[PDB]
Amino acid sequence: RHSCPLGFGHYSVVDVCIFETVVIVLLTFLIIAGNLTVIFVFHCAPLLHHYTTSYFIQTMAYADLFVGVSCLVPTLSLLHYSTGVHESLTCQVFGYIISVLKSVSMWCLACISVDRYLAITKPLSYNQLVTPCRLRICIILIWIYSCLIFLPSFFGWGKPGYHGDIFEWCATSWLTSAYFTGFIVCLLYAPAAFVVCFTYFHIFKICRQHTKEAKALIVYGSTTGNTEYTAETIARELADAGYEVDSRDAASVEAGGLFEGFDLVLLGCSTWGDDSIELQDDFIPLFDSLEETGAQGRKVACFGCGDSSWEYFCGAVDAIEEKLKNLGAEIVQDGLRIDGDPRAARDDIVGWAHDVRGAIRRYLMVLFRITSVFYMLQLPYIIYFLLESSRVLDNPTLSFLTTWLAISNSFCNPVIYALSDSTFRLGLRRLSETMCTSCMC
């Protein structure tokens, strides 16, 4: 209370430590609001692509949310409007609950990697091996195991980390054990880091030695032939890449198991309707029975032709994207919306098709990135914890920065999802629309 984290050797019982306070108030609001929306997007999403990976992401989202709600207490201590009672107790609990959560996410990242490893190495075996029962067992085990590797903090085995250095009591009253540090390294950091390292090494080496012929389907609806030209343009672009393309007219296809077999599905539709958004006549039946196509888990993307003079430029691309999202499709890229003549927009269509080919690996890239940013944000804390448990270097400012740089990973996951996952961005947009509906009613 007399000290200050970035206080630079000065002691004054007066200071409110505003710089540290605002940095913490800012990180509390960003960790809560960011993960609240991730959780609400899941709540509104009817079906998912990558059900198990999404379940570990939702667990990480709750873990990160609980960090922010848990970060109200040290923020309350910095404002000290009401500091409650028993600061040392308050501090111990806070340091623990924020140590178990950084581990819950540590294991969810280890499990998502194993999940993707299994989906690649044993693809036929995967669906019997990774089951809802084993997944629920696995997540309950991550919450139980996390509480146990940090439980000796309450049974005089020493302090488990600097998550409590914020409160004055843990800076003076608490001291870390190199035995406790060595035990939690061999039970959390070393095993979870090894798992992630091992799995990603294998999965990325497999993505090299694939040589697997990629089969893509295009289904277009055109009443004047523009989406058909755009489809044909897209097809030639994918064929040039190496794809086995089947471009079919929507009026010639039956909905039943239509997407089955294909690694990529592009859906084209022009927009129609006199004072309405209506789908192209040939697509209307395909859209109404899109359920039967096998859209779940499917890497899909949309494109269409429209006229910008219309209130909803390519409103069909919007309707199709919304249903595909709701059937558990992975929308790998924001839809291509062609204004007037597509023959004039060939460079756009080629560019979009080029990008959609690089958008397939996007789901693996985000998981690897979510993990890569996690380890480089908690690596400083574990190497500072590694040393200061052995007492090699002891700094309150380095403790604050490493601690809150690790506490900062909690708001990073939602910004990676928001600026990389096209299905997520779409779920986020529709969530906003529902908030304005509650606002009206």
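The numbering used is simple: start at 1 and walk along the sequence shown.
When the C-alpha B-factors of 8-16 and 428-436 are averaged, 8-16 comes out higher. Between 256-264 and 157-165, it is 157-165 that carries the larger average Cα temperature factor according to the deposited entry. When the C-alpha B factors of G304, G294, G273, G84 are read from the deposited coordinates, the top value falls at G84. The PDB entry assigns the greatest CA B-factor among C207, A241, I320, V300 to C207. For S247, the recorded CA B-factor ranks within the lowest third of the chain. Only modelled residues enter the ranking. Annotation for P191: CA B-factor lies in the highest third of the chain's modelled residues. In the deposited entry, the Cα temperature factor of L336 sits in the bottom third of values across the chain's modelled residues. Placement of the Cα temperature factor of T53 within the chain: lowest third of the modelled residues, per the deposited record. In the deposited entry, the Cα temperature factor of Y363 sits in the middle third of values across the chain's modelled residues.
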